[PDB]
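Chain by chain, the residues run as shown.
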Amino acid sequence: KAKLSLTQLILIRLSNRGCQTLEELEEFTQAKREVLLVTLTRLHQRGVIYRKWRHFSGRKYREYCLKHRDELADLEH
């Protein structure tokens, strides 16, 4: 993991699985949430990684999908 950047780690992780959570990316990278969010946000502005809230077990959690139309995210969720 250390050999790759946090950008590479997230993108490759989301390449393996279309959508992951911040907590799952946290465990994957072992990086800080804020630091990962910086990468996710900068990629989000580039239209690379998209975000959507999903209600689960009485609580809403935000998850991130790679190369997934935001419109489609709204339709699916």
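Taken as a whole and assessed by the stated rule, the structure comprises 0 aromatic pairs. The cationic tip of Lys 1 hangs over the ring face of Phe 28; the distance from NZ or CZ to the ring centre is 4.3 Å.

What follows deals with the sheet that holds strand β2 (residues 49–56). Within a sheet, neighbouring strands are paired by backbone hydrogen bonds and run either parallel or antiparallel to one another. Judged by pairing direction, the sheet is antiparallel, and its 3 strands sit side by side in the order β1-β3-β2 without closing on themselves. Lying at the two open borders of the sheet, with one neighbouring strand each, are β1 (19–21) and β2. The average undirected angle you get between the axes of adjacent strands in this sheet is 35°. Inspection of the sheet shows β2 paired to strand β3 (residues 59–66) by 8 bridges, in the antiparallel sense.

Across soluble globular proteins, nonpolar side chains have a tendency to be buried as a group. Counting residues in hydrophobic clusters, the biggest one holds 11 residues: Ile 10, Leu 14, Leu 22, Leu 25, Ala 31, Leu 36, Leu 40, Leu 43, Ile 49, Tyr 64 and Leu 66. For this core, the elements supplying multiple residues, two or more each, are α1 (6–16), α2 (22–29), α3 (33–45) and β3. By residue number, the principal contributor to this core is α3, which donates 3 residues.

Conventions we followed
- The numbering scheme restarts from 1 for each chain and tracks the written sequence of that chain rather than necessarily the entry's numbering. Residues without coordinates are not displayed.
- Hydrogens and waters are ignored; side-chain quantities use all the structure's heavy atoms.
- The aromatic pairing rule takes the rings of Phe, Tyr and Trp, using the six-membered ring of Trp, and pairs them if the centres are within 6.5 Å, calling planes under 30 degrees apart stacked, those over 60 edge-to-face and the rest tilted.
- When the NZ atom of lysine or the CZ atom of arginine is within 6 Å of a ring's centre and also within 35 degrees of its normal, the charge is said to sit over that ring.
- DSSP bridges decide pairing: two strands pair if at least two such bridges lie between them.
- Secondary structure elements follow DSSP: runs of H or I no shorter than four residues count as helices, runs of E no shorter than two count as strands, and numbering proceeds from the N terminus.
- Note on definitions: angles span 0 to 180 degrees between N-to-C directions of axes, and those axes are lines fitted to C-alpha atoms, for helices only across the stretch in contact.
- We define the nonpolar core as a collection of buried residues of types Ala, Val, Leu, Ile, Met, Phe, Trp, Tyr and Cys that are connected through side-chain atoms lying within 4.5 Å of one another.
- Note on classification: 1.4 Å probe, protein chains only; a residue is buried when its accessible area is under 20% of the maximum for its type, exposed when over 50%, partly exposed between these limits.

All we've got here are geometric facts, nothing functional implied.
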